[PDB]
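Before any questions on binding or motion, here is one chain by itself as structure tokens, the form deposited in one PDB entry.
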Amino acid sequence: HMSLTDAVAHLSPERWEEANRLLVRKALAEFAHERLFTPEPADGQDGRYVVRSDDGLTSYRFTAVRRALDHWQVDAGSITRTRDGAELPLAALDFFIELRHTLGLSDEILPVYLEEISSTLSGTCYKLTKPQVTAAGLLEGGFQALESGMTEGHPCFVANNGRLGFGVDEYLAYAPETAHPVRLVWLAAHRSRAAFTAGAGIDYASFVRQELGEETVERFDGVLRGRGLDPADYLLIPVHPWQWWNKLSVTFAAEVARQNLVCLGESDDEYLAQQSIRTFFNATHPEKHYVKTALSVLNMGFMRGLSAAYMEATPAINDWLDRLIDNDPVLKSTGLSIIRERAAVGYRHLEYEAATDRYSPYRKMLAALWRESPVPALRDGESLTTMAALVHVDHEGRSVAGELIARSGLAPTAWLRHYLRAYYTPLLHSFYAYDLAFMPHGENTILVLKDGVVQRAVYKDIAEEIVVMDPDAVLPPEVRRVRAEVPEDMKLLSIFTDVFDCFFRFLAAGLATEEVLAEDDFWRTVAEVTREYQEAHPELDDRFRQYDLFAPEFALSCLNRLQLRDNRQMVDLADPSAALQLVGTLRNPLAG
């Protein structure tokens, strides 16, 4: 009963009530932003709104402050729910069922979507169990206290933390917000099925020696020899323990039995799950590589396995981009860097390949890559934070961005100006000069701080995410795969959607509500940095006109709509712009 009751102790009536209030608040706000419903001003009161269930008989009433880019800052405490003239408790599950038709939830998707909602609420309950920490307290804790202290997740997606596949015990062991140390499972994979791809400067033997140590390498060698096997025929693959215990040991039982796969045991180092869940920071040795693992759990619109076939191209692309950054003085002056995916390993399951198509999750169950740590490059007085921290608000209403602005002693617009030159200017130059787009959200960006000021930004998650939006661009063989055909009037969405509407809308609204920086000042600083860039590069004036960042309007691209339409595979990934749902337009805050 003790471990049994402890595992569910975070699930209490009061925490569940709070979690539901918060999640329904987010659902009202973001589903309004995407025009799934239009909140109508309420019968008495001004600034109070009502949204009704599908059949009209249930009313959700609330107050909200409206801000730029159609942002609805819904007040959590103001939300009421009424049916038949009686107040009802707030329950996100009932919410989605009552609105199943308005929100476009098919009968096939709704039950699974409700599981993701339930897990997101359970995660909020666990996070409410943790010690309260201020923004300053997080900064004092450091890089991983910030990483595991984030509570919101992706700011747009309501059903963003499902992690479907975790039992509650596995949730407690593996969720990044629990910050429990994890030991990776190491497998020996026969070279008839497994391939190791080394980035520029990497050598397999020395790479493995540096990552594991001579003693552990010798122990693994001895396991293989104890089985009568030649270690030279095998490669090392680290795996998430969930994947081993629940998928590889069962789904790949034939590979284990025939000794195509050999379980070597656990790593000596202790690892911490990052916000992506499936990527691990090495806590014992922060200078060692991240390990990104295949995890066949559902989270935020995709199964989180990792494609064995694509590992073959991954290090080279990083090398290519790394050279591009290094040879461009505009990018060099911004201090931009990437933490490269340096090495990758993939296992090709021949029978499942014969049994499936190219995009199956069965081809994504066993692969791993290693990513450079950002810690070694730190200079004196510098510290690291995930960019998501900028829009994390603590129990007192203080955000990390606000705490940093205060601690720095600079004017808010000046602090913002440094942040924008580190993070946003490189995106402008990549787009205009190279047709290059990232996916630069809060989880894919790390900020280097000194004296409370953003010194420079580090990008990650590269080979899977970058796009060169020119099908006929001249590119080296191993990089030519990132080219894509994106319609002309959608290319600048890489800035409009991914930067403005999916991150800056939240940061500007937060800093305004926090009474640190007014909306007009935020967006004026953004416009100033944009023109500061463009006026410095008249050789691109034509492209500046072709892709006008100062147009009066741009398309509203809805993110939740993607997940509500297809829970398991939000976008094709072979044609990712085909699933986008642009619903009208937003007024560009840069129009002035």
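Shifts are known only where both forms have a C-alpha. We call the rigid core the largest set of C-alpha positions that still match within 1.5 Å between the two forms. Each residue number is its position in the shown sequence, starting from 1.
S.K.: Compare the other PDB entries of this protein and indicate whether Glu17 is left unmodelled in at least a third of them.
M.R.: No, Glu17 is modelled in every other compared entry.
S.K.: Could you tell me whether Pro576 lacks coordinates in at least a third of the other compared entries whose models cover its neighbours on both sides?
M.R.: Across the other compared entries, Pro576 is absent from at least a third.
S.K.: Which is higher on average in the deposited entry, the C-alpha temperature factors of 55 to 63 or of 537 to 545?
M.R.: Higher of the two, by average CA B-factor, is 537 to 545.
S.K.: Between 114 to 122 and 352 to 360, name whichever shows the higher mean Cα B factor according to the PDB entry.
M.R.: Result: 352 to 360.
S.K.: Comparing recorded Cα B-factors across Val474, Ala273, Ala368, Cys156, which one is largest?
M.R.: Highest C-alpha B-factor among the listed options: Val474.
S.K.: Quick one: which of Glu488, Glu108, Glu170, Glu255 shows the highest Cα temperature factor in the PDB entry?
M.R.: It is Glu488.
S.K.: Could you tell me which third, lowest, middle or highest, the C-alpha B-factor of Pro374 occupies within its chain?
M.R.: Answer is highest: the recorded C-alpha B-factor places it there.
S.K.: Which third of the chain does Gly265 land in by C-alpha B-factor: lowest, middle or highest?
M.R.: Its C-alpha B-factor belongs to the highest third of this chain's values.
S.K.: Using the temperature factors of the C-alpha atoms in this entry, rank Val297 within its chain: lowest, middle or highest third.
M.R.: For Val297, the deposited C-alpha B-factor lands in the lowest third.
S.K.: Grab the CA temperature factor for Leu580 from the record and place it in the lowest, middle or highest third of its chain.
M.R.: For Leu580, the deposited C-alpha B-factor lands in the middle third.
S.K.: Which third of the chain does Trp244 land in by C-alpha B-factor: lowest, middle or highest?
M.R.: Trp244: CA B-factor falls in the lowest third of its chain.
Another form, the form deposited in another entry, is not on view; read the next lines as being about it.
S.K.: Upon rigid core superposition, which of the listed residues (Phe302, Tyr362, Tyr204, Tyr434) is displaced by 2 angstroms or more at its Cα between the shown form and the other one?
M.R.: The displaced C-alpha is that of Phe302.
S.K.: Kindly check if the Cα atom of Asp541 is displaced 2 angstroms or more between the shown form and the other one relative to the superposed rigid core.
M.R.: Stays below the 2 Å threshold, so no.
S.K.: I want to check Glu40: does it shift between the shown form and the other one by 2 Å or more at the Cα, with the core superposed?
M.R.: It does not, since the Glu40 C-alpha is displaced less than 2 Å between the shown form and the other one after the core fit.
S.K.: Report the direction of the Cα distance change between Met300 and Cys156 in the other entry, compared with the displayed form, as closer or farther; the change is 3 Å or more.
M.R.: Compared with this form, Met300 and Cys156 lie farther apart in the other entry.
S.K.: Which segments, of 3 or more consecutive residues, undergo C-alpha shifts of no less than 2 angstroms between the shown form and the other one following superposition on the core?
M.R.: Listed in sequence order, the moving runs between the shown form and the other one are 43 to 46, 298 to 304.
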